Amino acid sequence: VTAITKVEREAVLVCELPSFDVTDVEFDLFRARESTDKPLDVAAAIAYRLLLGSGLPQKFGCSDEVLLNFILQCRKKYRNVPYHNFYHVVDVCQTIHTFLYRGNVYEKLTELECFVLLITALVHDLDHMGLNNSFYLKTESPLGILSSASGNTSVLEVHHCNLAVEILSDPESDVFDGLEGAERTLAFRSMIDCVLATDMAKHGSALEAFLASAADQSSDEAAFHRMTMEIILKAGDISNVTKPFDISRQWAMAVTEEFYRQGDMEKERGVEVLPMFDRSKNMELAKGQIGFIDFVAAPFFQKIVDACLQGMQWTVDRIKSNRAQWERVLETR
């Protein structure tokens, strides 16, 4: 891949982020994007400050320059789609920072694992096209065919991992270059395991495995660490409903539009369109959010908090509160 220039680095370094506390659970990435005409540079600055403020890169021999190169190599590989763009992965990164440090989940992990998590947030959707795994499989796209033939259905997640590995092979953007031996292996394997675990087809089993391990005082420690990392990256990925209502609503709109574009492309392809992905059918953002809250997000956050992650109780509170607010939208319609 092409090297990062001093001009690119400087365009990020000049962003000063006045008024913003990036470590805060109420942090608003949408408001940060509007605040300049260089939203991509602000987003990179947010990531850079999060990682530096953690104190972690320094401890693992990752210089400020390599860190920022990495951030910019990641940014290059995100596309202009409505939801799975660079702002999403910076959001996931920021949210995971709150789960670790505001939610005290850092206590369950080594410093290396915290570092790997914040880094993995930035790589976990690399080169997403706004199309889900199902699109590629249903349409018999070349990547779908390769995934079927090679035995994995996680088309996107494997692709994201490939691109992460390519970014890290260049020592100028290898945030893990200061590691050796078992630590270096652990960083790569845990990053990869986490990305593969974000495939929502694996949602139920990843959750159950985490909960089984957390309830077992004799669980293998290394396995529990690994599952905690997986569940935190997953938690970040479905954390939209845990944010202040208006932030949550803006996310929901962005995802809804991405899905609608997938459904438009499925129509042109002559393949099946699910109701959720079909523009022609929906009227109700509130019912979708309530549905998602009830069947996916609230049980997930409730169960992991009760099992183990007590410090993240606010996620459950905000989901409750956001749901009540969507019920008010319905009641007054």
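Numbers for residues come from their place in the sequence shown, where the first is 1. Take the two forms, superpose them, and find the largest set of C-alpha atoms that agree within 1.5 Å; that set is the rigid core.
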Comparing C-alpha positions in 8 other deposited structures of this protein against this form, with the rigid core used for the fit, which stretch differs more, 304-312 or 276-284?
276-284
Higher avg CA temperature factor (32-40 vs 291-299, as deposited) belongs to 32-40
On average, are the C-alpha B-factors higher in 141-149 or in 109-117?
141-149
Based on what the PDB entry reports, which of 248, 262, 85, 219 has the top C-alpha B-factor?
262
Looking at 253, 92, 191, 231, which has the highest CA B-factor as recorded?
253
If you rank every modelled residue in this chain by C-alpha B factor, which third holds residue 322: lowest, middle or highest?
middle
Where does the C-alpha B-factor of residue 172 rank in its chain, lowest, middle or highest third?
highest
Lowest, middle or highest third of the chain for the C-alpha temperature factor of residue 312?
lowest
Comparing residue 274 with the other modelled residues of its chain, is its CA B-factor in the lowest, middle or highest third?
highest
Lowest, middle or highest third - CA B-factor, residue 304:
lowest
